[PDB]
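> Experimental coordinates for this protein are included below, preceded by the sequence.
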Amino acid sequence: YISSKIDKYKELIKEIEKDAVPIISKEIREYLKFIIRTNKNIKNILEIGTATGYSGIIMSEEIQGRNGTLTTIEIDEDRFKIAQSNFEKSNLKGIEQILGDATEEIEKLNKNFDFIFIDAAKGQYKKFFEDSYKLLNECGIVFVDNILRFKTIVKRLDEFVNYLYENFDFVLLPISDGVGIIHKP
Amino acid sequence: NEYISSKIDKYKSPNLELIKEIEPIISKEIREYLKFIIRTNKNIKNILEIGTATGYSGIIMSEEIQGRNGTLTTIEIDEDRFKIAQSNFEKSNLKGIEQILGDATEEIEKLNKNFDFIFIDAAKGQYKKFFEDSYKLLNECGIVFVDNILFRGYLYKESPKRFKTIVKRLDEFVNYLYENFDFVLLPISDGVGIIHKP
């Protein structure tokens, strides 16, 4: 029902889709855009795992007005070059791409952010959360996607949800495959 | 999801105890989300609530604004629901609570007050009148929360023509917010519409 509405109401974006690699939901994308558009205080964004740059682009589009900057790190060199040629095509301003290891790069970033996108389906989410949460201004948001071999990935994911609830201002949302929002007081 | 609900039990049990004692009311998923939005926006100071009922949602949201000396205006049309709500607010000791007894189709436009946050239940009323009259009292950057926006729990057999009338209005209201407002649709519980005002 909701995707019918988003397609109904909510172009290079359309074609990064078809070539894709997994990308964010229509539902996540639209909520992402909402959160960022409606808090003019989100000026500086960190994204862990550029992938194809689809998520980086739809986040950066929203912050163009307030001259926001998007800092995004990606390990894979192929996905980097692809994301980099999409960022160029989008003509968006303020995008800082890094090709490296986020596990080492986050702490060596020596600046702060208002908003952090971590994808839990993808790599070392807790190490990124713990590293990057220190880099988050007051009143800042970490958005954690896909938060809700298999049986051991599900154990660690359940342990991460409990760990946030025990230590952070945290909501669990049943959007798409799970959205975990943490707010920093 | 029972999973989320199960996590709310372990970690987000209410600080007020009267709340657990009052627990049709909002989902526990809806309660924590509501609670979360209000807490993380220090600019949410005055709340408009259209549909007091037993006063459970009112306590829920008002508990998040005691720190700010925030207020809560809340309208209810049914005398009996009103008196229950008024008993519960008293037991709550929460400050800032203003109850209005009357019809929100008339009462909303009469308020000389401004609001940062409006709660409206699309499952119960003239929700579009409520939305258009109340949105005018909404400060810039304010939020309208429309609960039960994806609701489809209505007696179908008793009158299918009435069921299809109700749902068609809802659907045309979703379309209306999309075409005209900063709107987001969220599949939480029975459906949540959030409208931001610039």
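Now that the structure is in, tell me what you want to look at. Numbering: from 1, shown residues only, chains lettered A, B, ... in the order given.
> Which helix runs longest in chain A?
Longest helix of chain A, by residue count under DSSP state H: helix A:150-165.
> Quick check: buried residues in that one?
By neighbour count on 16 or more other C-beta atoms under 10 Å in any protein chain shown, the buried set for helix A:150-165 is A:157, A:160, A:161, A:164, A:165. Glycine gets a C-beta too; all of them are placed from N, C-alpha and C.
> ok, what's across the strand from the residue nearest to the spatial centre of chain A?
Nearest residue to the geometric centre of chain A (C-alpha atoms, centre = their mean): residue A:117, 2.5 Å. Beta-bridge pairing for residue A:117 (DSSP bridges): residue A:47, residue A:143.
> ok, now how distant is it from residue B:63?
According to C-beta to C-beta, to the nearest Å, residue A:117 and residue B:63 sit 31 Å apart.
> now the end-to-end length of stretch A:50-59.
11 Å (C-alpha to C-alpha, to the nearest Å).
> Any part of it near chain B?
No - Stretch A:50-59 is not in contact with chain B by C-beta under 8 Å from any C-beta of the partner chain; minimum separation 14.1 Å.
> what subset of the buried residues of helix A:150-165 is also close to chain B?
Answer for the buried residues of helix A:150-165 near chain B (C-beta under 8 Å from any C-beta): A:161, A:165.
> Can you pick out the most distant pair from the buried residues of helix A:150-165?
The most widely separated members of the buried residues of helix A:150-165, counting by C-beta to C-beta, are A:157 and A:165 (13.1 Å).
> Just to check, the residue nearest to the centre of chain A is in contact with residue A:47?
Yes - with contact defined as C-beta atoms under 8 Å, residue A:117 reaches residue A:47; the gap is 4.5 Å.
> joint contacts of those two?
Residues touching both residue A:117 and residue A:47 (C-beta atoms under 8 Å, 6 or more residues apart in numbering or on different chains) are A:55, A:59.
> what's around the nearest residue to residue A:93 once chain neighbours are set aside, how many residues?
Nearest non-adjacent residue to residue A:93, counting by C-beta to C-beta, 6 or more residues apart in numbering or on different chains: residue A:64, 6.3 Å away. Neighbour count of residue A:64, defined by other C-beta atoms under 10 Å in any protein chain shown: 14.
> Please tell me how far residue A:64 sits from chain B.
Going from residue A:64 to chain B by C-beta to the nearest C-beta, to the nearest Å gives 16 Å.
> isn't that residue right up against residue A:92?
Yes - look at residue A:64 against residue A:92 with C-beta under 8 Å: they come within range, at 6.2 Å.
> Would you map the helices across chain A?
Assigned by DSSP H, the helices in chain A fall at A:2-8, A:12-19, A:26-37, A:54-63, A:77-90, A:102-108, A:125-133, A:150-165.
> Much appreciated, bye for now.
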